[PDB]
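1. the amino acid sequence is not available; the structure is as follows:
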């Protein structure tokens, strides 16, 4: 909570497996919650990424959302720290397979760490995902609605991501998310609100490995 008043270093580690095609992603960057901003460089450490980068954006630290002063009491993400939280999602790609993910987001020393496992199943081998037919593209801007889940002492959200297909359509990725604290210390359970997200992608022209530069700008609102 007081842990996020300056610039905090980030490590991200993902182990994945989609229809038996395995991969790893290693990331580093910085979060600055005062300005609701995140900067990440993400590298596929196993060579070629077998899914499109934009399908992993949401998976690859909502504790860096700017909650304005008048809504600080509704910030579940920071309040669970330093022990952290588990973030789980299922992502259903319309007419194709799904991902399930489990992440732990917590401090390890001074570094905020997001460690993730992802399993994907029932993908078509020449679908939009395993066939790499999605444009390289984040989303700016859109809202994600957060609600308390009092029974699990956490939060929930569901939202749609729209991936542009090379030909001209859209591939829908329907997200269902739950977050639960890792510790047993008291957490802030929020009233209904939303996060406004602007995400943008780039490439580092000096990096030869398969990678993504991810920038996010996030502000809470709605109370």
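-> Cool, the structure landed. Residues are numbered from 1 along each chain as shown.
2. roughly how far apart are residue 159 and residue 31?
-> 21 Å (C-beta to C-beta, to the nearest Å). Where C-beta positions appear, they are placed from N, C-alpha and C, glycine not excepted.
3. now do residue 74
-> 19 Å.
4. cool, and residue 211?
-> Between residue 211 and residue 31 the computed distance is 19 Å (C-beta to C-beta).
5. which one of the two is surrounded by more residues?
-> Shown here are residue 211 and residue 31; by other C-beta atoms under 10 Å, residue 31 has more neighbours (23 against 20).
6. could you find the closest non-adjacent residue to the residue of the chain positioned farthest from its centre?
-> In the chain, the residue that sits farthest from the middle, by C-alpha atoms, centre = their mean, is residue 167; the gap is 26.6 Å. Leaving out its chain neighbours, the residue that sits closest to residue 167 by C-beta to C-beta, 6 or more residues apart in numbering is residue 133, at 7.4 Å.
7. ok, the one you found touching residue 168?
-> No. With contact defined as C-beta atoms under 8 Å, residue 133 does not count as touching residue 168 (10.8 Å).
8. more neighbours: these two, which one.
-> residue 133 (17 against 6).
9. could you list every residue that touches the more buried one?
-> With contact set as C-beta atoms under 8 Å, 6 or more residues apart in numbering, residue 133 has these partners: 52, 127, 165-167, 171.
10. residue 5: neighbour count?
-> Counted with other C-beta under 10 Å, residue 5 comes out at 10.
11. and the contacts of the helix or strand encompassing residue 155?
-> Secondary structure from DSSP states H and E places residue 155 in strand 154-164. Applying C-beta under 8 Å, 6+ apart, the contact partners of strand 154-164 are 52, 54-55, 58, 76, 85, 128, 134-135, 137, 139, 142-149, 170-181, 187, 189-190.
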